[PDB]
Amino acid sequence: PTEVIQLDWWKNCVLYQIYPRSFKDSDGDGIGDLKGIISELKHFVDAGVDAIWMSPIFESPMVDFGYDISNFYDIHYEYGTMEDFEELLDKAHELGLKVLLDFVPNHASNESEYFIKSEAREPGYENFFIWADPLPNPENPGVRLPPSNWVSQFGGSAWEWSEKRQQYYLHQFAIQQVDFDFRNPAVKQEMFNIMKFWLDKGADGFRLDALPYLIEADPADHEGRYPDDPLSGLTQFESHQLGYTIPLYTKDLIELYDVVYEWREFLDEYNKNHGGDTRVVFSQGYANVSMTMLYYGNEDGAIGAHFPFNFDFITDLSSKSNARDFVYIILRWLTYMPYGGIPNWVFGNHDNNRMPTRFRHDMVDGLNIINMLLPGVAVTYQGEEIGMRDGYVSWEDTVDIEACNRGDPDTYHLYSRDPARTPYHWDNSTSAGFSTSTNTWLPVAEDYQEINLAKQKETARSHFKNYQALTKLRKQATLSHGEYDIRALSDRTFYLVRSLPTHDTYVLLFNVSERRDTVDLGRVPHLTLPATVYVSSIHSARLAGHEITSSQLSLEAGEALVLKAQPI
């Protein structure tokens, strides 16, 4: 068995997204907190997680549960103190974990000192945000028009009138989330200042949110006005409704990538000047594949985020997908990613329905196997390691500003992100062990007695035990250094093979369909029989250690196997 050089930590980490409000409540207020995370850092070691990122924990009025940041240099009081954060870093680092911070560079709370100073036209802050005059209305001079038809992601105009300043400010998100002017060198310098502060504290890097919205059209390019976004011309949207416009002037502007490349320059300089393990930036943006790959860098030699997140398992695959769709979407990242790009795989987050809800309850293990066996970085969202489902959230219990703004009692479910933010299922105790109180900030999902971590640790076969076996398998040279081959055997079943001369072969077989499928293992490259089941889905006929001798393999709907075969 050949010797392999270990990869840089960020090229093949298991990265786990914590939603701190919903992870662990240590003080009975029904709100997850830093002492809660600290008390369960051992969970990440137990799970085989290398790195955690937290949804925002900075001072925030909580309009968008942390994404409206009023102070980028201190901790939100409900989550705890700077001292709790420093204790979290110390204890995480002692356990060998990396810790990344999430913040949204696009915007600040209207309660931030930046915005208070800006609205007052304070020297240094007047132009910190996008401030615009009304569009001249010569035909009805007493009727004030917004600068353009731009629509907020949370509904209504992206322009809010300031009585104090007698101008509109831009908010691509909530009224309380004010868009920085990213053509302002002082805004760009402030972003370096924020990152330097948290790197100096010992953060191992950043997840940076909402990057497609950084830059909007310069009125200088449109005869001194903000240009209207083109109309979608879809009958089902009026001017206050997201979908009314195509964001040609408000999203994916080529200038945003220059800001990202400057962030990478800054981080490269920081790493050179501090040594120890590489500090990284992982970018978030929902965009088409071309716009997504520009986050890595460009073919003029620019270098950007260590990677942009791959949301293809959220946006392009679901329970509607067959095995050919799975393979074809997996191939999209691998086909479009630049030479030397690190692939990553995301199955969920706090903005989207949970993995088993988007797919099916019988597919959890197969989805975690894909995550863990594809080359590069596995990304796990809080709860995927135990197969948590969307929780039921009534209109009455809904707190997501997106649903409160865009929805009503009949439609709120089309918008609300709350079902994927329900408290983590630790055990079958009061509130699934998330809290000692029956009062939790979102309702605990009704299935917690059936789906909880403690039950999965006790029972012979579980989502969590499969998760542990897969994160353990990623330490094998075959998964860190091995080649990959992926093809559909049928509309129902695909294989993913990891192989490496002189090292064991590992094969995923996954029936993603609602029907049984019999496949010819003779078609699977590098699969020599007999082979051993390393991992099986929790209801597979095959237990771990089951010998596969026949070339004919019948798989149930949703059944997934990892086979261990002799080296190539």
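Each residue number is its position in the shown sequence, starting from 1.
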Higher-scoring stretch by recorded Cα B factor average, 530-538 or 52-60: 530-538
Between 103-111 and 400-408, point out the one with the higher average CA B-factor as the PDB entry records it. 400-408
From the list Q177, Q382, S480, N368, select the residue with the highest C-alpha B factor recorded in the entry. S480
Per the entry's Cα B factor values, which of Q189, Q284, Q153, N140 stands out as the maximum? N140
Once the chain's modelled residues are ordered by C-alpha B factor and cut into thirds, is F173 in the lowest, middle or highest one? lowest
Chain-wide C-alpha B factor ranking for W9, given as lowest, middle or highest third: highest
What third of the chain does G522 rank in for C-alpha temperature factor, lowest, middle or highest? highest
Compare the C-alpha B factor of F359 with those of the other modelled residues in its chain, then answer lowest, middle or highest third. lowest
Chain-relative C-alpha B factor for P212 (record values, thirds): the lowest
